[PDB]
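The block underneath contains the structure these notes are about, expressed in structure tokens.
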Amino acid sequence: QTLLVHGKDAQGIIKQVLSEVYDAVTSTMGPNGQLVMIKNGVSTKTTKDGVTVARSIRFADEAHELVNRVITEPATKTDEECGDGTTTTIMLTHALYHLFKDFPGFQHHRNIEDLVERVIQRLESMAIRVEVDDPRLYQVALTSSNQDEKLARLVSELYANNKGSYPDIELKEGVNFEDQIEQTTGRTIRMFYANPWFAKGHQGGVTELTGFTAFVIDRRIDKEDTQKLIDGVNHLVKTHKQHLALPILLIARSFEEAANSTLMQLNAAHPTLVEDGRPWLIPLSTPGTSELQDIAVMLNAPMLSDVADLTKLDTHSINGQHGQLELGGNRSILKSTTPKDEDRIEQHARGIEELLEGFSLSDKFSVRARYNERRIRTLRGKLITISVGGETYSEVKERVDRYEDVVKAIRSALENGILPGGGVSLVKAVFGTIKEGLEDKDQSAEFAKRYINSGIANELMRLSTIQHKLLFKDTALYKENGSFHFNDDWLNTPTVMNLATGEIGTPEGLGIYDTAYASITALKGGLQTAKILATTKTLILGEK
Amino acid sequence: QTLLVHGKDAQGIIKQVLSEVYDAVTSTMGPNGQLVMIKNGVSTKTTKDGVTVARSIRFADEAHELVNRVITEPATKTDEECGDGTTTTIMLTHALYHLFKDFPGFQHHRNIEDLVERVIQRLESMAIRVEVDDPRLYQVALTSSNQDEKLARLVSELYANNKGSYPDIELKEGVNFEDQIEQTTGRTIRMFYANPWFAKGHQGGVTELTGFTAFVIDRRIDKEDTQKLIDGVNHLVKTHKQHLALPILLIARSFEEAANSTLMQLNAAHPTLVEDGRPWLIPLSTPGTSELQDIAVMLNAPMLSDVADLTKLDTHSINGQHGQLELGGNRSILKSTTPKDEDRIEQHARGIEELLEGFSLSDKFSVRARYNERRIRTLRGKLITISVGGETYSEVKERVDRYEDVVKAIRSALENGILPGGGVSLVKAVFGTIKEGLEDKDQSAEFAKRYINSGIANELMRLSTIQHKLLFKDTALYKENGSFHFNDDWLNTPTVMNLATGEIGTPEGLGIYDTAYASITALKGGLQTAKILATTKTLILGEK
Amino acid sequence: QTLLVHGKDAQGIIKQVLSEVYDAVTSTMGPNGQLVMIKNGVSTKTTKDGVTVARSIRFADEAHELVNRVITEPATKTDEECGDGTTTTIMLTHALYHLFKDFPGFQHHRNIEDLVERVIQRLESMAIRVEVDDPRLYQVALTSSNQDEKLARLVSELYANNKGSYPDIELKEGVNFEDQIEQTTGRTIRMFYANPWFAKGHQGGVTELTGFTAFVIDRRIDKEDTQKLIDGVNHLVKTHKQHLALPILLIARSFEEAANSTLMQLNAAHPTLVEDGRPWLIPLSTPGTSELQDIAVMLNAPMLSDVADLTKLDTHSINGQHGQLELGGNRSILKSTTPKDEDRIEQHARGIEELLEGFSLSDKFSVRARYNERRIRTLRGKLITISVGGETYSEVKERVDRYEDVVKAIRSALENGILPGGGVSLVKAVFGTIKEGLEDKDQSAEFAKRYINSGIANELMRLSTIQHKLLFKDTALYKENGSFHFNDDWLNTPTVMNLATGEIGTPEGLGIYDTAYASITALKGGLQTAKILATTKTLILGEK
Amino acid sequence: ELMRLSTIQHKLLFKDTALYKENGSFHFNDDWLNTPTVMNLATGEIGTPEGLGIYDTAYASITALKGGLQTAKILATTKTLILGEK
Ligand SMILES: Nc1ncnc2c1ncn2[C@@H]1O[C@H](COP(=O)(O)OP(=O)(O)OP(O)(O)=S)[C@@H](O)[C@H]1O
Ligand SMILES: Nc1ncnc2c1ncn2[C@@H]1O[C@H](COP(=O)(O)OP(=O)(O)OP(O)(O)=S)[C@@H](O)[C@H]1O
Ligand SMILES: Nc1ncnc2c1ncn2[C@@H]1O[C@H](COP(=O)(O)OP(=O)(O)OP(O)(O)=S)[C@@H](O)[C@H]1O
Ligand SMILES: [K+]
Ligand SMILES: [K+]
Ligand SMILES: [K+]
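Chains as they are written, first to last, in PDB author numbering: chain B, 3 to 289, 295 to 551; chain A, 3 to 289, 295 to 551; chain G, 3 to 289, 295 to 551; chain L, 466 to 551.
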């Protein structure tokens, strides 16, 4: 009817939509959540998973849907990178929106943003670190998997045994009832075939090799670079044939169909070097330039900027390895590595760690630091392939998902940090931030005027409670004395209820923990999305 | 209109749907049931069978249908594995749902689950076993077939005569008025042709053989294993030709179209061994790895993991049998077996029985034990092919179904257990479980507090009555003294009414019996489905 | 709107539908019936025939139609086997339905069934037999044909002249005004051509033969038996050529297109035996295995189970007849039969009659006995072909139908039995059954308690009246003294009104008779259909 | 049924109080019959009707139940109402 919506009408719809989503999702929070039945054509999808709920919600009107997609996509993006924290995000989205509405005037919006930012900074400082030898890892594994004895014990011991190198765990569909483990080196890499022709059997098979001579290229290769490939390859085969171990690996960013067809002819050009059907030249692709530098260090390959640099080479630069490599369609795997090669890789790993030593406190939790930590795991770390078993085929597939969540949780736990659960960490952060600025006599004049005296602090303290209310409302804890009392006594020793067992105690005592990155991203993502929904006064539905 | 449904609305619809299904199905229970007319395009399907009713119910709204499919599929799955117990299942689904509604608070849901679980445990202990020499088998056969003199007598004698080996009964469409029996050994197997070409006549016919040399493979064979088949076959024909009885049988899990085409050429490669058109090499498929181990023991074949193991073989491993086998499109049949071969098969059968001897009480009724008992019947047991006759063609087809239900009932009867019918077994179980915990002085403090004092026990005792009410309401039994009195006098000697005859007495006296697995699965399936329907507060209808 | 119908709603619709059908059909009963106009696209079909009415009734709603098809098809099935009794059936369907409704409780339903069953038994005992020399046959022929002098006289004399052998009458479209008769032997058989190629002219013509050598096969012949046919045929032509009369007839159950193509080549293989274009080998099909045994006895052919038995034969088994046979597209006809062959056929006919002599009273009216009596008519009995004439072409076609009904009536009359018409036989049966049990002092205690004292007998006595009411309401008979008086005086000498003439008297005196099988089947079919309509409480309209 | 009906006075007085809050509903066992606990609504404390001092006159509760039975029977058995003024 009306494509242009402005005024009281837009903000009315925004609050309407937000309300309906908030009820649907927040109901699924915790082990004591209520289930949702989703239709997907003919079948029924009954689930309690928050991210599945948020993704699957549809509306009738276009206006309503437009608003929904602003809430959905930032929440969906949290589980793609971390793995946990969507419901929490959406909860707070309502929470902070409500706040922005009570305090109008664009000076107050500034005051709210600055206050919450400082709360984030306290959360990052509150972040607790944990080692592989500590029994806390078993507690987190038991909570994330919804109480399993065999699953939590196996992964915890696996990280405990490999004291030094962080083990990488990958999964597969098993046939046996019992689970089977393969403790191997298997240094995982991010390279794979450009074209199916280059593998053993000429149909994208898994080629195993016992010797190679790798060369890393930086540029994306297309039809323009077809001339330089013929120049570089024939130079290497003719001149430097003495110091060479077949096959020659041309690792790069991307290989186009024009370049791949040229390299297929170059394999056919020299048929003498073809041993048992294997092509002696293989181009390899990788989906952040320093990841290729890791690939160069692992395989003792020289780093090359241009394609024309392949001609100007020598015995000093060219080094053919005699290890063991396994090329694949999805990824490559390096198994056998000599003590001489490991000395080079460990020294390069220390160099990245020395950069992380010099970083600041706030920069340690950034994307720059997390990317550098990802490079360390690729270089140092043993690969463990677990074929997950079960009674039926459906149970095997279900158990793989339960295995995957435990691995993703434990890895991110020791990486970033751990905080006390049951919606306590948020309460401690807020009550701390208000108390910190008020206690400090230098800035107490302005700190009180902006936040405390205006009433924003009071409101923000009530909003931290929201997670704690929703989990434990209509339970043994909240039954006593009407509402809950958030006094100084509670701040020192915070009590919660373990919903799995039933007993009452501290989040530290009972063993209820959340990852640091999940709660931080939720609050960061919550602030930005809440501001946008609040400040938006106009909606356009007209298709151009 | 609204794809998202939440609140009082969802649970209202759930109860609405459940009510309509409960009325439709429970009306068909017992011999005194009322018929249902089903349309299926143009024809009318008049039936009293509960599973047919549940499958055929459709609704107009998508919301209503969504709920229906949660009730239907678990009930439909009971008749696929057992053969009886759907109405009973659906009955209790309403029953336990109603219970969950009266006692809110997720602590009470836990209390209900634990209580019912213990009732299941009493039902498993109450399970009575029966032998082939006992006249009770005639009573069960007479009840299941809805009173037939010739049918019940014939099957009961058939199990009674073969005292030791459990006879397998298979059916076929006959031409004569009288029924005809074929008492043969005919050791049934789970193997059949991979491709129609390999049979006699080259069009999937029934090939009879008098000598063979079998080889069992574990892996699923595809295009990748085509090389190893040519290596293994030509090794066997060239080297080990002296100790060989044609034809060679390659039994495996699955044969792809790529592998079958390769083996067709290998038959054509050696035309000297082809006798009267029969191909000398046949690949065989089977739809749980230990079933192939049974196939290996029957035919004296060596168990092989890999396809490459066919090369590395000797006279010690290779053993060509001189019995009699009948290959087929659906299944294979082994008839002639020497006393030397039967000694090997019986010794292997004892080994599986020795594993069942060491199992626990609860583990004996599990899927693990039932699968092992299925292997015993395949190894030891004579096959009896009965060509069922009648007056017309329609009566022959109808009588085959009546024959099939009797066989499925009698086999599962002596396998698992038998309980007293007329909805008595459930009442005895519940009243027993309440009395057991209350009498035991150690746990009486908490047992009373959770179940009895809260009023769940009282409610659960009224719910066991439901089967007994529905069968015998508006009869001679219920007419006296308004309602029925469930006192200690009734618990000792429970009276029922046989609906077929009319007389009054005990379920043991009159001969009304139910299989153990049916009533157990109904209550197990009832608890889980009832909890889900109760805890579900949300419905989604939006197609992604 | 609602696919699921349950409760008061189903039974309401059932009574509604039943009522509308009952009014439409029962109005057409008797010569004083009212006509119905049926549309069938563009033309008008004005008829008084009950079966045409029942078949042609359609409804608007699917629910209503669903109910209709339960009433229609059992009534339609009565005219397919007997030829008369549909209206009567449908009448009683309403009658017994009404009964079942007055007496609820599944014990009373049992009481009603047992009572009516005994009434059937009295009807079977009441059945009167008649001979060909008796003038009663003229009376029945006059009633069935709706008063015709020439038609009733001709058929009655035809059965009277052939005293011993029951004559078979077949019809054809004539050209002359006068009717023409062909008194010939023409022993009718149930065999015809498998393929049109095998006849004279090679296009399914009428082949006349004067000599043959028949062979009867039991099995259905297909592509599997193509090998044994070539073995059997060439054995007979080569070895046993001396004792053979052409052509060779291969009589069987069914001939597939694969087998027929093989036998066509075998005719071409031996062209020396082909006389004037006639193929010397003919396969013959027949649409109950003992009908082929009759075919074997007629033609002196050996009975053969398997196709391979054609090889193992001798001069003792093989016997080539020198009679006269006429093969055809619809049926074959055997005309000339020697005194030697008739001695064999008559002796076989006595053997079937000796089996009918030893049968019980209840077994004599069964399908088993009727099938055996059908075999006697095929063996012994002269065929009479009457070319029916008339003034116009439309009158010839109409007269053929009037001829056919007279033949079907007279044949079934002397076969089963005759009872007094005007709805008297049913009244005598019911009043007799009530009086029989009450008079017998041994069982009078329970007989009174179940039927008489409860009031079922009283009700059943009113229901027998229904046929008598509907025929003679608003006539000279019912005009006197308000209603009709069913006293002991009427039971001794029952009076009726002949609707054709107008005069008053006994059904025996006036000549109003019904066939036994029609009234029995109506009441048998009425009881079963009435019970189903009564006990059905549910309707399903949802297409799967 | 009659045992559930005696509870009615006890439910109406003490529903949504400290006594009924614990363990969902109230448990009328043999332990309670020996020493019956109530809540004094004036003060707030919990104890026996004898201990706290909550007493009813005999004639009041008797007349209530006597009067209750007769009036309840009449209301139940009455199937007809006439409103027409003569
Ligand atoms: N056993 C437990 N007892 C009490 N509280 C718990 C327990 N387990 C988890 N929690 C709390 O509930 C929260 C768990 O979050 P979820 O309900 O999984 O929502 P979410 O993590 O946003 O949803 P996702 O990302 O789709 S798995 C944590 O923040 C804990 O504080
Ligand atoms: N002759 C009988 N007299 C009294 N009770 C009977 C008789 N036969 C069976 N029963 C009872 O009725 C139940 C039979 O179940 P059914 O009516 O067949 O329902 P169901 O087994 O769930 O339906 P299915 O699985 O589709 S055959 C048993 O549990 C018996 O207790
Ligand atoms: N001339 C007659 N006078 C009196 N009653 C007759 C006469 N002819 C027949 N009847 C009676 O009416 C009945 C004849 O049945 P119809 O009206 O033909 O119904 P119907 O036989 O069920 O219908 P069909 O099978 O389609 S021919 C018999 O049962 C007789 O009792
Ligand atoms: K969750
Ligand atoms: K049933
Ligand atoms: K008629």
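Think of the CB as a built atom: it goes at the ideal place given N, C-alpha and C, for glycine as much as any other residue.
Per DSSP, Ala216(G) is paired with what? The residue given as residue 216(G) occupies position 214 in the third sequence. Paired residues: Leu251(G).
Express the C-alpha separation of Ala260(A) and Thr228(A) in angstroms, rounding to a whole number. The residue given as residue 228(A) occupies position 226 in the second sequence. The residue given as residue 260(A) occupies position 258 in the second sequence. C-alpha separation (whole angstroms): 8 Å.
At least three beta-carbon pairs within less than 8 Å, the region 535–544 of chain G to the region 434–449 of chain G: no
Can you find a heavy atom of ligand 3 that lies under 8 Å from the Cβ of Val503(G)? Looking up residue 503(G) in the third sequence gives position 496. Result yes, Cβ under 8 Å from ligand 3.
Could one say the Cβ of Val72(G) lies closer than 9 Å to chain A's Cβ atoms, at least one of them? One-based indexing of the third sequence puts residue 72(G) at position 70. Between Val72(G) and chain A, the shortest Cβ-Cβ separation is below 9 Å.
I want to check one thing, is the minimum distance from the CB of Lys50(A) to the heavy atoms of ligand 5 below 8 Å? The sequence position of residue 50(A) within the second sequence is 48, counting from 1. Result yes, Cβ under 8 Å from ligand 5.
To which residues does DSSP link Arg189(B) through a beta bridge? Here the question's residue 189(B) lines up with position 187 in the first sequence. Its beta-bridge partners are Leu341(B).
One question on the structure: do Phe200(B) and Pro273(B) come within less than 9 Å of each other, judged by their Cβ atoms? Sequence index remark: in the first sequence, residue 200(B) carries index 198 (1-based). Sequence index remark: in the first sequence, residue 273(B) carries index 271 (1-based). No, Cβ-Cβ distance for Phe200(B) and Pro273(B) is not below 9 Å.
One question on the structure: do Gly188(A) and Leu390(A) come within less than 9 Å of each other, judged by their Cβ atoms? As a working note, residue 188(A) is residue 186 in the second sequence. As a working note, residue 390(A) is residue 383 in the second sequence. A contact, by the Cβ cut-off of 9 Å.
Taking 9 Å as the threshold (beta carbon to beta carbon), is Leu37(A) in contact with chain G? For the purposes of this step, residue 37(A) is taken as the residue at position 35 of the second sequence. At least one chain G Cβ lies under 9 Å of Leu37(A).
When you compare the region 137–148 of chain A with the region 107–119 of chain A, are there three or more beta-carbon pairs, one atom per stretch, that lie closer than 8 Å? no
Alpha-carbon to alpha-carbon, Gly549(G) and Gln267(G): Here the question's residue 267(G) lines up with position 265 in the third sequence. Here the question's residue 549(G) lines up with position 542 in the third sequence. Rounded to the nearest angstrom, the two C-alpha atoms are 54 Å apart.
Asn34(A) versus chain G: which residues are under 7 Å apart at the beta carbon? Mapped onto the second sequence, residue 34(A) falls at position 32. Going along chain G in sequence order, the residues near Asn34(A) (Cβ under 7 Å) are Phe108.
Cβ of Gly533(A) within 9 Å of any chain B Cβ: Taking the first residue of the second sequence as 1, we reach residue 533(A) at position 526. Look at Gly533(A): its C-beta is not under 9 Å from any C-beta on chain B.
What whole-angstrom Cβ distance do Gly396(B) and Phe179(B) have, given they're in contact under 8 Å? Walking along the first sequence from the start, residue 396(B) turns up at place 389. Walking along the first sequence from the start, residue 179(B) turns up at place 177. Taking the Cβ atoms as the reference, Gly396(B) lies roughly 5 Å from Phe179(B), within the contact range of under 8 Å.
Tell me whether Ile73(A), by its Cβ, gets closer than 8 Å to a heavy atom of ligand 3. One-based indexing of the second sequence puts residue 73(A) at position 71. No, ligand 3 has no heavy atom inside 8 Å of this Cβ.
Using a Cβ distance threshold of 8 Å, determine whether the region 158–168 of chain B contacts the region 250–257 of chain B, with at least three qualifying pairs required. no
Pick from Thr54(G), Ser490(G), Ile539(G) and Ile114(G): whose alpha carbon is nearest that of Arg457(G)? Indexing the third sequence from 1 puts residue 457(G) at position 450. Per the Cα distances, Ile114(G).
List, in chain order, every chain A residue whose beta-carbon is nearer than 7 Å to that of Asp25(B). Numbered from 1 along the first sequence, position 23 holds the residue referred to as residue 25(B). Residues of chain A passing the Cβ test: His8.
Report yes if the C-beta distance between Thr545(A) and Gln36(B) is below 9 Å; otherwise report no. The residue labelled residue 545(A) in the question sits at position 538 within the second sequence. The residue labelled residue 36(B) in the question sits at position 34 within the first sequence. Yes, the pair counts as a contact, with Cβ atoms nearer than the cut-off.
What residues from chain G crowd round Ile519(A), counting only those whose CB sits closer than 7 Å? Position 512 of the second sequence, counted from the first residue, corresponds to residue 519(A). Correct list: empty, because the minimum Cβ distance to chain G is about 17 Å.
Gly107(A) vs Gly489(L) beta-carbon contact at 9 Å: In the second sequence, counting from the first residue as 1, residue 107(A) sits at position 105. In the fourth sequence, counting from the first residue as 1, residue 489(L) sits at position 24. The answer is yes: Cβ separation under 9 Å.
Can you pull the chain L residues whose beta carbon is under 9 Å from the beta carbon of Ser461(A), in chain order? The residue labelled residue 461(A) in the question sits at position 454 within the second sequence. Neighbours of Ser461(A) on chain L, chain order: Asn488, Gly489, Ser490 and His492.
Interface residues of chain B facing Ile539(A) [CB-CB closer than 8 Å]: Indexing the second sequence from 1 puts residue 539(A) at position 532. Residues of chain B passing the Cβ test: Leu37 and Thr48.
Pairwise C-alpha distance: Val414(G) and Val23(G): What you label residue 23(G) is simply residue 21 of the third sequence in a count that begins at 1. What you label residue 414(G) is simply residue 407 of the third sequence in a count that begins at 1. Approximately 30 Å between the Cα atoms of the pair.
Look at the alpha carbon of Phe194(G) and the alpha carbon of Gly207(G), and state the distance between them as a whole number of angstroms. For the purposes of this step, residue 194(G) is taken as the residue at position 192 of the third sequence. For the purposes of this step, residue 207(G) is taken as the residue at position 205 of the third sequence. C-alpha separation (whole angstroms): 11 Å.
For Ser29(B), go through chain A and note every residue whose CB falls closer than 9 Å to its CB, in chain order. Position 27 of the first sequence, counting from 1, holds the residue named residue 29(B). Near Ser29(B) (Cβ distances below 9 Å), the residues of chain A are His8, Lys544 and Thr545.
Could you tell me which chain G residues have their CB closer than 7 Å to the CB of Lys476(A), listed as they occur along the chain? The residue you call residue 476(A) lines up with position 469 of the second sequence. Within chain G, no residue comes near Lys476(A); the closest Cβ sits about 17 Å away, beyond 7 Å.
Tell me, please, whether the CB atom of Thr296(G) is closer than 9 Å to any CB atom in chain A? Your numbering for residue 296(G) matches position 289 in the third sequence. True, the Cβ-Cβ gap to chain A drops below 9 Å.
Candidates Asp495(L), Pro514(L) and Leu530(L), of which the one nearest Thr502(L) by Cα: Within the fourth sequence, numbered from 1, the residue matching residue 502(L) stands at position 37. Checking every option, the nearest Cα to that of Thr502(L) belongs to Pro514(L).
Alpha carbon to alpha carbon, what distance is there between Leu20(A) and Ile519(A)? For the purposes of this step, residue 519(A) is taken as residue 512 along the second sequence, with counting starting at 1. For the purposes of this step, residue 20(A) is taken as residue 18 along the second sequence, with counting starting at 1. Cα to Cα, the separation comes out at about 29 Å.
Can you confirm whether the region 304–315 of chain B touches the region 215–222 of chain B when touching is taken to mean that 3 or more C-beta pairs between the two stretches lie within less than 8 Å? yes
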